[PDB]
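One structure is given below, represented as structure tokens, and several questions about it will come after.
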Amino acid sequence: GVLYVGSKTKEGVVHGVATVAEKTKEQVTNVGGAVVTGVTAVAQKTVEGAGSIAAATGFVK
Amino acid sequence: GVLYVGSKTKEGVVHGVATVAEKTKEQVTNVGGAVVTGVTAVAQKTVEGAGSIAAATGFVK
Amino acid sequence: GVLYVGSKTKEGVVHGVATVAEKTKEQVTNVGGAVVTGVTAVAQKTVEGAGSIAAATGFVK
Amino acid sequence: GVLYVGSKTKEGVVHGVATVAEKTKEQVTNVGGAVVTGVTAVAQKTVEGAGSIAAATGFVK
Amino acid sequence: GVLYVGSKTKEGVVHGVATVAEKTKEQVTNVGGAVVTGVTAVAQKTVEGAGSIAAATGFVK
Amino acid sequence: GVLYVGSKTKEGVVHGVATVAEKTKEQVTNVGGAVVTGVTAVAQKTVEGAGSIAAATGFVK
Amino acid sequence: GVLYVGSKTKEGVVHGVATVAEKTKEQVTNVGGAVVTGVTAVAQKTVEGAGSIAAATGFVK
Amino acid sequence: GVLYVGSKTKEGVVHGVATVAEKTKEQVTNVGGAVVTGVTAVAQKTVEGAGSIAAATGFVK
Amino acid sequence: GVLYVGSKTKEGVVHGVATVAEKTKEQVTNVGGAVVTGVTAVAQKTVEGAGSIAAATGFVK
Amino acid sequence: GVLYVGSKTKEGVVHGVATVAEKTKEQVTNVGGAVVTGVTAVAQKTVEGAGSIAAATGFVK
């Protein structure tokens, strides 16, 4: 159990991001597996479970 | 159990990011496995579970 | 059990990052395994679980 | 159990980072195993669990 | 059990880092094993668990 | 007299600007004179004349 | 007299700017004179004349 | 007289700027005169004339 | 008279600045005269004329 | 007269500056005269004229 009384709470917050990306050439070549690129300004909360951001895994057997 | 009374709390917070990325050429070449690139300005909270950011794993058997 | 009374708390916080990255050429070449690059300005909290940032593992058997 | 009364607490905090990285050429060549590069401005708190930042392991059997 | 009364506490904190890295050429060549490079401006707290920053291990059997 | 042959020229150019401004309160109080605020991402060329950006002058007699 | 043959020229150029400004309160109070604030990412070229950016002058008689 | 043959020229250029400014309170109080604040990422070229950036002058008689 | 043949030239260039400024309170109080503050990442070229950056003068008679 | 043949030249150049300024309180109090503060990462070239950066003068009669 969780109780908040009179309380101010911030969980998983992103307040203010300036990003510039200049690229003259970008290439992704993939065979199998996984690639994850460019995950930007991401916020999450999870309760009572696993939680993943920009996670990459090979094949599973 | 958790109790907050009259309390101000910040958990997993990112307040203010300026980013510049200049690249004349970017290449990812992948065979199998995993690649994770460029995860930027990420905030997370997890309760009662595992939590991963930019995790990369090889294959699993 | 956890109790906060009248208390101000910061856990896992990033307040203010200026980053510049200039590259004339970047290459990642991967065969199997894992590669993790560029994880920037990440904040996390985990309660009652494992927590990983930019973790990379080889294959698992 | 944990109790904070009237108390101000900072845990896992990064307040203010200026970074410049200039590279005329960067290459990662990987065969198996793991590579982790560039982990910058990261903050974490973990309660009652293991916690890793930029950890890298070879294969596991 | 832990109690803070009227107390100000800093644990795992980094307030203010200026970094410049100039490289005309960087290469990582890896076969098996693990490589960890450039872990910068990292702050962590762990309670009741092991905690590793920029840890690298060879394969495990 | 000016001549360009086969030539590529950039004069007064702004390619890429990301800006965030957060203010909880802004006030300008002015009595006479001049105030100039917030001039952002401005580009100009002038030929054979004077040119001013965000210039402010008091009264003239 | 000016001549460009086969030539690539950049004059007065700004390619890439990320800016964040956080203010909890801003006030300008002015009586007479001049105030100039926040001139950002400005590019200019002038030929055969005077040129000013963010210039401020008191009164003129 | 100016001549460029086969030539690459950069004059007055700003390629890459990441800026963060956090202020809990800013005040400018001015009586007469001049104030100039915050001029950022400015590029100028002037030919055959005077050129001023962030110049401030008291009154002129 | 100026001549460039086959030549690469950089004059007045700024390539790559990360800046953080944190202030809990800033005040400028001015009576007459001039104040100049915070001039950052400025580049200029002037030909055949005077050139000033962040210059401040008192009154002139 | 100036001549460049086959030549690479850098004049007035700044490639790569990381700056952090933390202040709990800043005040400028001015009566007459001049104040110049914080001039950072400035590059200039002047041909055939006087050139000043962050110059401050009292009143002139």
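As written, the chains take the letters A, B, C, D, E, F, G, H, I and J, and residue 1 is the first residue of each chain.
Everything that follows uses one rule, which is that a residue touches a chain if its C-beta (ideal position, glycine included) is under 8 Å from a C-beta of that chain, and two chains touch if they have at least 3 such contacts.
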Option reproducing the contacts of D-J, where over half of them reappear, out of E-J, D-E or B-C: E-J
B-C against A-G, pair bridged by the larger set of C-beta contacts: B-C
Centre distance in Å when subunit A and subunit E are each reduced to the mean of their C-alpha atoms: 19
Approximate Å spacing (C-alpha centroids) for the pair subunit A, subunit J: 42
Distance from subunit H to subunit F - Cα centre to Cα centre, in angstrom: 10
Two or more partner chains touched - positions in subunit A: 7, 11, 15-20, 22, 33, 50, 56, 58
In the complex, subunit E residues that touch subunit D: 1-61
Residues of subunit J that touch subunit D when the two form their complex: 15-20, 22
